[PDB]
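Every chain is numbered from 1, with letters handed out A, B, ... down the list of sequences. Any value given below was found using the heavy atoms of this structure, including those in side chains, with hydrogens, waters and symmetry copies removed.
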Amino acid sequence: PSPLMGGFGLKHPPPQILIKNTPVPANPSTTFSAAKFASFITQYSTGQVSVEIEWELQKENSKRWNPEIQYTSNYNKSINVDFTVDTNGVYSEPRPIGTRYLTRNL
Amino acid sequence: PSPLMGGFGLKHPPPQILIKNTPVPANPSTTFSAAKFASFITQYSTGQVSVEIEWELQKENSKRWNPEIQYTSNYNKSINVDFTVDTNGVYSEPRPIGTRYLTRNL
Amino acid sequence: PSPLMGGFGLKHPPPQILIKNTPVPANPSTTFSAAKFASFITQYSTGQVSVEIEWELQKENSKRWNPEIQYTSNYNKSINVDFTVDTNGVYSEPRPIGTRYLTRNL
């Protein structure tokens, strides 16, 4: 049960966190009406969210002699630096980065 | 006093280790001669040498966002692998490798 | 490593203190949009800042007989007093003041 899109299969994954604004009714009628409220004060919410994850690492213990392939930035000059913002302050991710750079014997 | 060729300047560097074969005189004359010995048994020595050095590391503590330049092997196919032996078993070092790949602010 | 512009060279100088206003998003769309927020409530902040520095003094211990040069205000009358505000309440510093007025032997 490893996900086909990639990742860790969890029988009990991190739970869904559901958030919504409590409806605030607008001005009601002075006469009682059994119809459910359909007029509300327009509102939204803003705030900060923090996620902290602890990860366990499996340290490489290779005994190969020659150097390995490593992910690296390209030294040549460029208009924009990779994984930074441009003159519009727009953050971009130039390429997908996997994890399989070190080598291990079968 | 940093060496100009590169490295660590030491007022008391690792001492020189001097080794030589003890001269074994060849067959002497049965009559005493005050002349110093000039005939010796031809000989050499072979053995194993072990050097173990402990190095202290200064761990990188960078806060840059985008990836850094790292030394890496080239993925493209080649006749010979870098820093290995060839079909003659001759070890070669294809290029000089420095140490200055990570970055730190001034 | 004394700064060429003048002052004290510090390997660990007083740290930079960074302050910014937390962005408060404006009214969002009732339909989900994956585009990052570009509309915010215009706002600024005001407040008070306090800096307290303790300085150590090296007391003069001279044995010269005749009086020394000292920095002084000029007694003659003037339209404006030095290092005060003018009729517009604008504070000005009329001249640069150094620190080298007392004398010591070589």
Q: Using a 6.0 Å cut-off, check whether atom CD1 of A:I17 has over 12 heavy atoms from anything other than its own residue.
A: no
Q: May I ask you to list the residues in residues 46-81 of chain A that approach chain B closer than 4.5 angstrom, counting heavy atoms only, ordered by number?
A: A:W65, A:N66, A:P67, A:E68, A:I69, A:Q70, A:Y71, A:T72, A:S73, A:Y75, A:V81
Q: Heavy-atom count check: over 12 atoms from other residues, nucleotides or ligands less than 6.0 Å from A:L10 CG?
A: yes
Q: Determine which residues belonging to residues 82-98 of chain A lie within contact range of chain B, meaning some heavy atom pair is under 4.5 Å apart, and list them by number or answer 'none'.
A: A:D82, A:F83, A:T84, A:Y91
